[PDB]
Amino acid sequence: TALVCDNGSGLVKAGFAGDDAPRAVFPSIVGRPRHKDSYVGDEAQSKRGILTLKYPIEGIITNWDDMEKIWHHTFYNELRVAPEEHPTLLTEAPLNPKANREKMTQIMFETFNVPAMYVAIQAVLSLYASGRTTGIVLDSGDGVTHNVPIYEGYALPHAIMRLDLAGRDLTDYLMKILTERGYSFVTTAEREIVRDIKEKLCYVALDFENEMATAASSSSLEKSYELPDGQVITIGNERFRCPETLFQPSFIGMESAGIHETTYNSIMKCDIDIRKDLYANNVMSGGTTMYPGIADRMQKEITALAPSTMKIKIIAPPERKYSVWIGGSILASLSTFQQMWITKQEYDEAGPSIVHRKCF
Amino acid sequence: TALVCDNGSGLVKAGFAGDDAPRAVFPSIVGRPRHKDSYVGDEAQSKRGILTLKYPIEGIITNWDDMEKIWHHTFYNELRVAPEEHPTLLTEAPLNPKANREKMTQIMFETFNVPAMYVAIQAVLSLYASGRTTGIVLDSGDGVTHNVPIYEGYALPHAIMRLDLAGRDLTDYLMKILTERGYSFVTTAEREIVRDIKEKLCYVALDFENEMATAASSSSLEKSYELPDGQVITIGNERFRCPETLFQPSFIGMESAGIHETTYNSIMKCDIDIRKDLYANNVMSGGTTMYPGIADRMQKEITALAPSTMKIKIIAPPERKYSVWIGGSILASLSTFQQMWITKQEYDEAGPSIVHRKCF
Amino acid sequence: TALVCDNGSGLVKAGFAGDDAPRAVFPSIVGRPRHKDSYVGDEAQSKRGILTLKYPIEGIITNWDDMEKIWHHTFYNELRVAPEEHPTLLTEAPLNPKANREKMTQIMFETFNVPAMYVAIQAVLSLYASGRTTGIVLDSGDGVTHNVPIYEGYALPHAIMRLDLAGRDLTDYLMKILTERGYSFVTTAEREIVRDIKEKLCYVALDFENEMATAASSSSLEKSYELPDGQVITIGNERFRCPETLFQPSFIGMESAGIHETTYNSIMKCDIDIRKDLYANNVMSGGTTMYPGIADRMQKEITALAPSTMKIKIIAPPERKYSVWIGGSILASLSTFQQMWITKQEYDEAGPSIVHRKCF
Amino acid sequence: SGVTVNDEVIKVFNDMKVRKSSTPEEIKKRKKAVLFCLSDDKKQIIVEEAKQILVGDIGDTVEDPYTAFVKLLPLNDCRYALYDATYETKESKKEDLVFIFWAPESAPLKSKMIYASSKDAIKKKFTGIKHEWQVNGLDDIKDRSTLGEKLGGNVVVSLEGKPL
Amino acid sequence: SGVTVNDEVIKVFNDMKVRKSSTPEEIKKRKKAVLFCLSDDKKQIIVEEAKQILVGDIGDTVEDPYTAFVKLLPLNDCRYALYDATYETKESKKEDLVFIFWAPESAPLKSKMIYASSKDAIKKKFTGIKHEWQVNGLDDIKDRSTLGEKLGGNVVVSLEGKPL
Ligand SMILES: Nc1ncnc2c1ncn2[C@@H]1O[C@H](COP(=O)(O)OP(=O)(O)O)[C@@H](O)[C@H]1O
Ligand SMILES: Nc1ncnc2c1ncn2[C@@H]1O[C@H](COP(=O)(O)OP(=O)(O)O)[C@@H](O)[C@H]1O
Ligand SMILES: Nc1ncnc2c1ncn2[C@@H]1O[C@H](COP(=O)(O)OP(=O)(O)O)[C@@H](O)[C@H]1O
Ligand SMILES: [Mg+2]
Ligand SMILES: [Mg+2]
Ligand SMILES: [Mg+2]
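Taken in order, these protein sequences are the chains called W, C, R, H and A.
Each residue of the first sequence is one higher than the one before, starting from 1 at the first, in our numbering.
Each residue of the second sequence is one higher than the one before, starting from 1 at the first, in our numbering.
Each residue of the third sequence is one higher than the one before, starting from 1 at the first, in our numbering.
Each residue of the fourth sequence is one higher than the one before, starting from 1 at the first, in our numbering.
Each residue of the fifth sequence is one higher than the one before, starting from 1 at the first, in our numbering.
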């Protein structure tokens, strides 16, 4: 048995190795009162008008006194097993600095007293769970969007693009374009409802001008959602105007390239001989690539940038929301993985420096 | 032993803790002659043609020189025990200002010299005595009608509705619609008789138009009441035309919402996630919710306003007339409540400021 | 000659261009009977117990069958001139959607048959009438409060904050804190009197704790107001406890930031090089910034948030109540503005699409 | 406001909230459902002696862990309870524990008031318990679908192995 | 309750309520004050023939438009009237038109009853007229300050160009 605790940007996924899906999915929030000392995860999302909300993984761990709270809430209150009897796999973002990879290993052995651990990369486990070892991985989470080109099982660090537009800034834009209709969502509990409208009713337009010109005359588009108190709100052309922010970031007012051009400027930054085996192997993951019609829009927009003799292929697996977690649940439930781990005795004879040697 | 003195809007209920019902029930009146200096409670209701009647709790205490009279009449002349040997629980209305909660504590310790006291909220003790800690409390008294939504044992102060239509304005309307028949009730002693017709013979119509159209042809409706001098008055369709003022306040000429719409506009003013556990837990109390057929009319009228997928449930307990008092008689007769009280030594070392700290 | 009709959130201001102040100031209300068909403006404020009141500009126009009533009442019954012989400037709120800007132009040319029109932005005309083209505009009206940062004559749309706390929710809070004293204001005609107590006797406390601790012992604070029937009500510490809701919205029970922090979170959302020329040029407008001591409180509270080397300056002009209207009365009475307008012939050759081209 | 919780209650809560490495004998002695009551003089919340469901008694004497939990509760008196729920959502298979405040409408007022004022005194000591559920009438707890209504509403698809 | 208003009255009201583009000759032929009376057989409200004040006659023959309006009204008979008021408030300069029901105490009862029952029949046809003002005694209309009392009370600062 082994615990797999994915250190998400906006959702901590955690479960036991060998399961198909994580047991615990909860926000990466530590909330403190404005004037119990700290509320963690779903408790700080439930309370209203009294808390100030902080994120310790707002994709690189910023605050280690808040991150210890998040992990204490994962083992005891959500997984429901003691950490000193279970080995604990963890995950880190691409481009994580070397000092942050040692402090993540020191907390598991000194604070939580784990018997063994391991730390993997979030982009590599997404590519291995699409049956590939070479391919560019679009990992679009809640708080950060990465393009990681991987050639033969090793991510190329100078070519890793990072876009700061991600699915959290689509929630806080969907509260603006539904305020245009008249639905004045503004509270913390009315942000979770907008985030659940986003999952169930948004989709990416194949062409934005011909869809928005069809949105005036057609009645097929308009949907009806039912709120927690049974009121019915009617969403119209805000279904495709929200995830189109990922392809045109000028809607949310930033000058950054879209996800069809940070993908292209990450293939062009790789060596000349390996670009053809990255054009034909775009692999997607994370919660924000779950929209329908986004594999059909990424293929169209990259093909318009890329030269004409190259084969552009976007691979979207159907369980890509949790592919970083599912890849760490297969790999830690292997019976031949039992000597791969970093044991507590190897920490006692080499300190935090062990993590670079065995979790490369 | 402990005294429980409920500071009623039109009836002071008072008794000893551990009894099922209050020993003393008397009006909240101080009467003074037009030209003994002041008559209190039943004395000022008995005298005629010579007194001007004043109310100090006409639900928030207005006059503290008249309220000291009311409480002096409760301890000595009605309870019949000295206050300096008995601890004294008191009650306050919802939305009572912070200065009025300190002056209520200063009078008990400095004027009456109580050994200990406590002050509770009238809406919270009504909800706890229906076996709930979350639910909207319709507290319809003599002089004021409150809707207090309570979530997890704490009343939400921005959502507390107050309607100024209450059971006292139904007495002074029943003297008008029995003047239509020819029974010229006009004196002070002929107002108490009209108030006793109201208790024994009024009921809420399930549908007003089909009951009033049945009232012309049917002989089942018409009742006969016997006055203190043995004369027999015959009341007809003024049985359901009186408490229908609570559902249509345009009868008594005010523009205010009825008690089936101030209840709804107090659930809609609460946060979106908790409204479903207020729709299914309407709890009633006070003397003016005692009419038969009012739990069956509140369910019908709120269901016609509320959205269709929400479960509307009205809970009427059978002893709801004194549920604020009975809840303070159980809670002050507990043997483990003996360190909860505010003692006289804690007043001497912290002044009136102690009441906020220990009677929250 | 030209008409300038400001489409207010709670007060339609309208007059002829070249005048110093609007001829017509009346509420944005269409009232309909519960069971003439519709009463508009002051007629629906005068009638009592029989009307249900609706707002079509409750700052973005919601109902176009009610907004046609409001404008029909402005031209004929209040301005007193026929619209087909006078060109008509109009105003729109910041963040008004593109479809609502075309329907506003279609009604003027097809229903009212104007010879020419123009549509301006309410925040830009407030900044130009303080002698600036760069500066953050706090526009606090009756129903909505905007912070619009403007750099070189163009409002930055991603940085425009909108707070839903505004001067209408201070009237409905002043009816609660004067109910604490005993003045039971509850009717529609007793809401206009509370709204006139608010104009003449409220002020913003420089420090709330030292003013409210002075309010217990001092006799300088307490004022006396005289009602329409000659009765005298005495207001105490409800003079500064009412507009302090704008700086602490937890009093009215919402979790939103105050107007000293929605101003700060609108400067921080603008580009890094232009924030110093927004800190030193805060400009205020609208009816709800008219309180005395609010330019001295906004400077204190923004300085406590902002870094210490930045110069915080709040500019309050003395005629800021009507600065959006006065700026449209100067600009439409210019003799060189006569080719700026959208004529009826330009509507006939380009439809509603003309408004984007010439009223940018 | 009165009553404190006994330290034998907190030991039963720590056997349910955090589970730990167990023999196949001892994992059949964990508690699926526990009822907490009040002592004879009404000063302390205690663990009720012979009203509990073990995990090892499921599938044999107890056919279903939820239908045999509704039958524990007395219909003329009030209880706290603590139920370890097993539910599968649309995307994930979960397991959390539910605090039930049972207070029927047929109970006397001296047993309805004394638990409503003591609920905050036993909830504070139960760290990390997410699902509170007050229950009054039998009809609100008896059906299987009304537990899955509090747990996820419309996203639960299998509660205690049975589909909804 | 009886009398109807003649269609020559409604034409005079539409010349006052909505003004329109006018030559400097024609804007001096708009009406500042008009008196409406009853016909000889008392079936219809008519425009009275030679009791009216024009806008063009102000500043010459009529020195002041309000002092020369009080002198039109008969002291032994009743009238409706219609006065286009010019008033400046504290913050704004306005112009609205006032419906005056003149019915003095020295008039006979057959001329006091027949206008009080016919007032609702001529008010309904006057759309959008805000300021109703019944007047009985001379002393209540004669002073300038008692018009500004009905119009704004204490917020009027200049009525017909003269300060109050
Ligand atoms: N079906 C969906 N459609 C669109 N967005 C979704 C969907 N499901 C989840 N999301 C979003 O994905 C984000 C969480 O993705 P995740 O990969 O877990 O992020 P992270 O690992 O950065 O915490 C949230 O913003 C969430 O709203
Ligand atoms: N059976 C009854 N039916 C209707 N009204 C009743 C009944 N019994 C009492 N009342 C009324 O209830 C009011 C007193 O209720 P109470 O809750 O004691 O008020 P308060 O606490 O505001 O003094 C009086 O107006 C009384 O006439
Ligand atoms: N002197 C004043 N002090 C405080 N509030 C005022 C004052 N004068 C007007 N107001 C308020 O300002 C609001 C109207 O402002 P306005 O800018 O016209 O709003 P809108 O344009 O949104 O209709 C009303 O709530 C009114 O009570
Ligand atoms: Mg992720
Ligand atoms: Mg009461
Ligand atoms: Mg405005």
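Even for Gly, the Cβ is constructed at its ideal location relative to N, Cα and C.
Looking at the structure shown, is residue i part of a helix, part of a strand, or coil, going by DSSP?
{"i": "W:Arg48", "result": "coil"}
{"i": "R:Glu199", "result": "helix"}
{"i": "R:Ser266", "result": "helix"}
{"i": "H:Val18", "result": "coil"}
{"i": "C:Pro22", "result": "coil"}
{"i": "A:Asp84", "result": "strand"}
{"i": "H:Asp96", "result": "strand"}
{"i": "C:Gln299", "result": "helix"}
{"i": "H:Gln134", "result": "strand"}
Locate the beta strand (DSSP E) running through residue i, then write down its first and last residues.
{"i": "C:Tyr279", "result": "First-last for C:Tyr279: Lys276 to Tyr279, but that is the alpha helix (DSSP H), not the beta strand (DSSP E)."}
{"i": "C:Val4", "result": "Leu3 to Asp6"}
{"i": "W:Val324", "result": "It is not in any beta strand (DSSP E) - W:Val324 instead sits in the alpha helix (DSSP H) that spans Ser323 to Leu331."}
{"i": "residue 386 of chain W", "result": "Not covered by the structure: residue 386 of chain W. The range shown for chain W is 1 to 360."}
{"i": "H:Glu48", "result": "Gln44 to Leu54"}
{"i": "R:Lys223", "result": "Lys223 to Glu226"}
Might you give, ordered along the chain, the residues of its own chain that have their beta carbon closer than 6 Å to the beta carbon of residue i, omitting 5 neighbours on each side?
{"i": "H:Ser145", "result": "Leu164"}
{"i": "residue 168 of chain H", "result": "Lying outside 1 to 164, the shown extent of chain H, residue 168 of chain H is not represented and no answer is given."}
{"i": "R:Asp277", "result": "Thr134"}
{"i": "A:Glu132", "result": "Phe99"}
Starting from the C-beta of residue i, find all residues in its chain whose C-beta is less than 7 Å away, skip the five residues before and the five after it, and write them out in chain order.
{"i": "C:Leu331", "result": "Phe337"}
Would you tell me roughly how many angstroms separate the C-alpha atoms of residue i and residue j, rounded to the nearest one?
{"i": "W:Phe240", "j": "W:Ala205", "result": "6 Å"}
{"i": "C:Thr1", "j": "C:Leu178", "result": "46 Å"}
{"i": "R:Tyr225", "j": "R:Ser217", "result": "21 Å"}
{"i": "C:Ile315", "j": "H:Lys28", "result": "42 Å"}
{"i": "C:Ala155", "j": "C:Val148", "result": "6 Å"}
{"i": "H:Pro104", "j": "H:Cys78", "result": "7 Å"}
{"i": "R:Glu222", "j": "R:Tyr183", "result": "15 Å"}
Residues in the same chain with beta-carbon distance under 8 Å from residue i, minus the five sequence neighbours each way, listed in chain order, please.
{"i": "R:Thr111", "result": "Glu68"}
{"i": "C:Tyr264", "result": "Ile302, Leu305 and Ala306"}
Buried or exposed for residue i, going by 16 or more other Cβ atoms inside 10 Å?
{"i": "R:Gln231", "result": "exposed"}
{"i": "H:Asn14", "result": "exposed"}
{"i": "W:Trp341", "result": "buried"}
{"i": "C:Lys321", "result": "buried"}
{"i": "W:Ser266", "result": "buried"}
{"i": "R:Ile272", "result": "exposed"}
{"i": "H:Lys119", "result": "buried"}
Name the two residues that bound the continuous alpha helix (DSSP H) containing residue i.
{"i": "R:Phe251", "result": "Neither: R:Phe251 is in no alpha helix (DSSP H) and is coded neither H nor E."}
{"i": "R:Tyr128", "result": "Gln122 to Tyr128"}
{"i": "C:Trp71", "result": "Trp64 to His72"}
{"i": "R:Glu110", "result": "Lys98 to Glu110"}
{"i": "C:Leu174", "result": "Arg168 to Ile177"}
{"i": "W:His356", "result": "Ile354 to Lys358"}
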